[PDB]
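Take a look at this single chain, the form deposited in one PDB entry, given in structure tokens.
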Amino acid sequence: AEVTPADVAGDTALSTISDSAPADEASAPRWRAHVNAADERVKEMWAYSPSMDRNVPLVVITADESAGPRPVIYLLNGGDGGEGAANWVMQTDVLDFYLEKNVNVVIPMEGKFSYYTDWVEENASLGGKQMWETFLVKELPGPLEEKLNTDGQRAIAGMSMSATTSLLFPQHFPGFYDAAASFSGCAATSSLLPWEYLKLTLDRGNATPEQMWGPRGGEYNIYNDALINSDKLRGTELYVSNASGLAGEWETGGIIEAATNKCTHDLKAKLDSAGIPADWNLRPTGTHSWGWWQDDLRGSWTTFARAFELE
């Protein structure tokens, strides 16, 4: 990317990366055993967020040195946030897949039910102040990409809940990301049904969407509506898979599938009209299990290999 961490960070206080968990740590996270059994290139790191006053755990797949500096993919969990069992590390072969590709991958393992955004209000059930966009875009990339010796290329990817996030970030900071992958999410967030998706997701974290983005239809909600602002994606390589998997956040299914499908219909029509191309994963399958999410890691490699110019 031509845009650097410092370009987007402004004067934001930066994260401090640590190679060890906080001494404060009560018990070992469920995912630690998976990291410990993997190749040495898979690391547990911790990043302090000044804006949240939070130590955020990261599972990091590091590239090898055979080709020098390599790109980094910021890969977000869905509503689970990495805080329960339903996440990339514990349910897919994400570690093995990317180790083989020789690329850096950063998977935050907190942020449940947060949409990885900056919230208008604090919510104690989700740890208080939530400033995930500030963290992921402004606090973290400078120090982290330095530590990983990246080549200066980067991508953002998310599934389900965070498949909204992965469209909003490049719209909010055009050029910072070479590529963005949205695995089964809703780009829209301010119209009636998409707002209900936010409600359903946030309810699992004892939260409401007003706490997160303010009144429905208000200026901050629209800023965080990735359908309305879709033209701002221009220049980003894109991968988008159909939104039916989004209902997995909430655990008839006919109406739910038809409703969430409109998210993808609307986005493709809007990108198509604007002449903004994407790689599409639209063929319906029998399930949107972890096998389907894992398959999006393969599908999106087309987009990432192209954006990053990797052999």
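When you see a residue number, it is the position in the sequence shown, counting from 1. The term rigid core refers to the maximal set of C-alpha atoms that superpose within 1.5 Å between the two forms.
Are any deposited residues left out of the model between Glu251 and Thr252, and how many (none, 1 to 3, 4 to 9, 10 or more)? Count of unmodelled residues in between: 10 or more.
Averaging CA B factors per stretch from the PDB record, which one is higher: 25-33 or 262-270? In the deposited entry, the stretch with the higher C-alpha B-factor mean is 25-33.
Given 144-152 and 166-174, the range whose Cα B-factors average higher in the PDB entry: Higher of the two, by average CA B-factor, is 144-152.
Candidate residues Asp96, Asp225, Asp118, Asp80, the one whose C-alpha B factor the record puts highest: Comparing C-alpha B-factors across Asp96, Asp225, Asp118, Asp80, the maximum falls on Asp96.
Classify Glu210 as lowest, middle or highest third according to the C-alpha B-factor given in the PDB entry, relative to its own chain. Its C-alpha B-factor belongs to the middle third of this chain's values.
Sort the modelled residues of this chain by their C-alpha B factor and say whether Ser289 lands in the lowest, middle or highest third. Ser289: CA B-factor falls in the highest third of its chain.
Taking the entry's C-alpha B-factors for this chain, is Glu219 in the lowest, middle or highest third? Answer is highest: the recorded C-alpha B-factor places it there.
Consider only the C-alpha atoms of the modelled residues in this chain, order them by B-factor as the entry records it, and name the third containing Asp203: lowest, middle or highest. Highest third, going by the recorded CA B-factors of the chain.
Split into thirds by Cα B-factor across the chain's modelled residues, where does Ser241 land: lowest, middle or highest? Middle third - that is where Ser241 ends up once the chain's C-alpha B-factors are sorted.
Absent from the display: the form deposited in another entry. The rest refers to it.
Pick out the one residue among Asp279, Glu44, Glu257, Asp266 whose C-alpha shifts by 2 Å or more between the shown form and the other one, once the rigid core is superposed. If I go through the list carefully, the shifting residue is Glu257.
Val59 C-alpha moves between the shown form and the other one by 2 Å or more, core aligned: Shift of 2 Å or more: no.
Answer yes if the CA of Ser289 moves 2 Å or more between the shown form and the other one after aligning the rigid core, and no otherwise. Yes, shifts by 2 Å or more.
Work out the direction of the Cα-Cα change for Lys101 and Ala243 in the other form: closer or farther than in this form? It's 3 angstroms or more. Closer together, by at least 3 Å.
Since the Cα-Cα distance for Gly245 and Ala226 shifts by 3 angstroms or more in the other form, is it a contraction (closer) or an expansion (farther)? Residues separate in the other form, at least 3 Å farther apart.
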